[PDB]
Amino acid sequence: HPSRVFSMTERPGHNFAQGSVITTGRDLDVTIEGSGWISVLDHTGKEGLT
Amino acid sequence: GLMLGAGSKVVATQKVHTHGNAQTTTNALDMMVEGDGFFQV
């Protein structure tokens, strides 16, 4: 009889909504307006979106 | 269709180059520009 059903937790996705923007008056502080990403490469040397 | 603002900021400091009044002085070396123009130093 189909009486036993397991449940396992998963990560379906992420919250891509805009974060809280902190104004600092600093030249080298940039916040992405709306949706977007900045291409950076990590220590290994593989491109990734931050 | 829901818009949320992120606040406000001061983007520029605008200088108003309106000609000021005139002060009459007895010094012979201080001068004024009657109109548009800057002394070059």
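Rules used in this analysis
- Residues numbered from 1 in each chain as written, not as in the entry; some residues may be left out.
- Chains lettered and ligands numbered in written order.
- Part of a larger assembly, values for the part shown.
- Heavy atoms only, no water.
- Helix = DSSP H or I, 4+ residues; strand = E, 2+ residues; numbered from the N terminus.
- Buried < 20%, exposed > 50% of the residue type's maximum accessible area, 1.4 Å probe, protein only.
- Areas by Shrake-Rupley, 256 points an atom, 1.4 Å probe, with all protein chains shown as cover.
- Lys, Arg positive; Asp, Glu negative; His and termini not counted.
- Charge placed at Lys NZ, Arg CZ, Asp CG, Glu CD.
- Salt bridge = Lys/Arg side-chain N within 4 Å of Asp/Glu carboxyl O.

As recorded in the PDB header, cryo-EM is the method behind this entry, and the stated resolution is 3.04 Å.

**Observations concerning the overall build of chain A**
A count of helices and strands for chain A gives zero helices and two strands. The dimensions of chain A, computed from C-alpha atoms along their principal axes, are 65 × 30 × 15 Å. Each of the 50 residues in chain A was classed as buried or not, and the buried ones make up 0%. For chain A, the accessible surface area stands at approximately 5,600 Å², while carbon and sulfur atoms represent 55% of it. Distance between charge centres in chain A, computed from 4 positive and 6 negative side chains, equals 16 Å.

**A look at the overall build of chain B**
Scanning chain B from N- to C-terminus turns up zero helices and zero strands. For chain B, the spread of C-alpha atoms along the three principal axes comes to 65 × 20 × 15 Å. Within the span of chain B, comprising 41 residues, buried residues form 0% of the whole. Only carbon and sulfur atoms are counted for the fraction: they give 55% of the accessible area of chain B, which is about 4,900 Å².

**Some thoughts on the pattern of salt bridges**
Residue and element names in this part refer to chain A. Under the counting rule described, the total for this entry stands at one salt bridge over all chains. Note that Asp29 is salt-bridged to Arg26, the shortest N-O span being 2.4 Å. By relative accessible area, which is 46% here, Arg26 ends up partly exposed.

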